[PDB]
Structure formats: C-alpha cells, structure tokens
Amino acid sequence: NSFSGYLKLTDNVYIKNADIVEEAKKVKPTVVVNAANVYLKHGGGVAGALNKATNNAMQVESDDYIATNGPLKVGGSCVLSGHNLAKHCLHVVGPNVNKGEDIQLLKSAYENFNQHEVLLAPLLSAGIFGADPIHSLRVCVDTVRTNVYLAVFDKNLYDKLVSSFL
Ligand SMILES: Nc1nc2ccc(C3=C(C(=O)O)CCC3)cc2s1
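Residues are labelled from 1 along each chain in written sequence order, independent of how the entry numbers them, and those without coordinates are excluded. To get the side-chain values, all heavy atoms of the structure are used, and hydrogens and water are removed first.

Per the deposition metadata, X-ray crystallography was the technique used to determine this entry, at a resolution of 1.1990 Å.

Caption draft 1: View of the nonpolar core. The set of buried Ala, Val, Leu, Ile, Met, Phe, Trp, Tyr and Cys residues whose side-chain atoms join them within 4.5 Å is what this entry labels a nonpolar core. The classification of residues rests on relative accessible area computed with a 1.4 Å probe and restricted to protein chains. Under 20% of the type maximum is buried, over 50% is exposed, and intermediate values are partly exposed. Membership of the largest hydrophobic core comes to 27 residues, with the highest contact counts inside it found for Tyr-110, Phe-113 and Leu-150. Numbered from the N terminus, helices here are DSSP runs of H or I no shorter than four residues, and strands are runs of E no shorter than two. Mapped onto this core, the elements with two or more residues apiece are β2 (13-17), β3 (31-36), β5 (88-93), α4 (105-111), β6 (118-121), α5 (133-143), β7 (147-152) and α6 (155-165). If you tally residues by element for this core, the top one is α5, at 5 residues. The residues contacting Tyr-110, other than those within four sequence positions of it, are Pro-122, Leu-123, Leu-124, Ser-136, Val-139, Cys-140, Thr-143 and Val-144. With 15 residues, the next largest nonpolar core counts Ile-20, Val-32, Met-58 and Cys-89 among its residues. By definition in these notes, contact holds between two residues if any of their heavy atoms fall within 4.5 Å.

Caption draft 2: Fine view of the pattern of salt bridges. Think of a salt bridge as a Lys or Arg side-chain nitrogen and an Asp or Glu carboxyl oxygen that are within 4 Å of each other. Taken as a whole, this structure holds 2 salt bridges when the rule is applied. Between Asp-63 and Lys-41 there is a salt bridge whose closest N-O contact spans 2.9 Å. Of the two residues, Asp-63 is situated in helix α3 (residues 57-69) and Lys-41 in the loop between β3 and α2 (45-53); the sequence distance between them amounts to 22 residues.

Laid out in structure tokens, this is it:
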C-alpha cells in the first residue's frame, strides 16, 4: 500500500488524522520515525505504541544498540530496523521541556529527518515531552527539507493544527 488521505500543508509536509501504528502497518514505509528518549526505553506515548506493535522486538534491539554504542544525545538520532512497521526506524530524541531541556534542540531533532527523502513521523516533543504541538509543527515546517508524512491521532489536535496552517 502507498500513503493516502494526507492533506498537503507545504511543498514537502503532509498531515493526516491517523494512528501512526496503523499507518505504518498498512504502508510499510521506507522510514518510520520514533519519538525516542536517549536510552531508547520505549515506555509510553508513540514510542510505547510502536514498540508494542513489534511485540517488543524493537526494545530488545534498542537495548543491544545502547549496550554497544551508549545513549543518544538530545537532538540526535540512530537508524535501527523497522521490523514489521517499516524498512527502517529512525529513533529521534526531541527535548523534554518538562525536564528543563532546551527547546532550541527541537530544530536539531528535526534536522535528522533530512538524511531520508520520505518519512512517516509523529510530532516531536509533543505529549510526555511537553512542547506545544503547534510550535512543534512550525519547527518541522521551517526545518525539514525532505518529504514528511505526519500522522496525528487525536482529532481535536489535528483540527487545531490544520486551522493554524490554512
Ligand atoms: N497508537 C498510538 N499511540 C499514541 C500515543 C500518543 C500519541 C500522541 C499524539 C497524537 O498524535 O495524538 C500527540 C501526543 C502523543 C499518538 C499515538 S498513536
């Protein structure tokens, strides 16, 4: 299957009201982005959901990556297997502003997307990380230069995001 049902916000950013787990299972994109933490512990939010959809194969692989390479930096990323969701998973660490991490690092986090021509992604630093989701979409639009398909689960949030752009 291919991406379908997205609204084009800019020349390279698309958005859909969808559960990113269901989009990944259907489309099996070349790259799905995980909203990760520095130790790749996929406990809640989108990370917990993507890891559960791989039946914990993502966490076992992530633990081996950490033991061999050490933790990521905030604003950094690594490429691991996408398992059943994608060819690759790009694990990207946005700042956790609820813990005093600098919001400037949200631009650095999205810059990691530019190494891939097409990605399926969530909004970074939204949810448990505490950033305003409409600010996260603005940083995405201002920073990502490649084609990004953003999936937003919550209908109320999706409608707010689309209204801020159109
Ligand atoms: N299967 C899924 N579990 C989750 C968990 C969290 C989310 C989040 C957002 C949303 O797109 O609505 C914004 C903040 C967190 C999405 C999904 S899809």
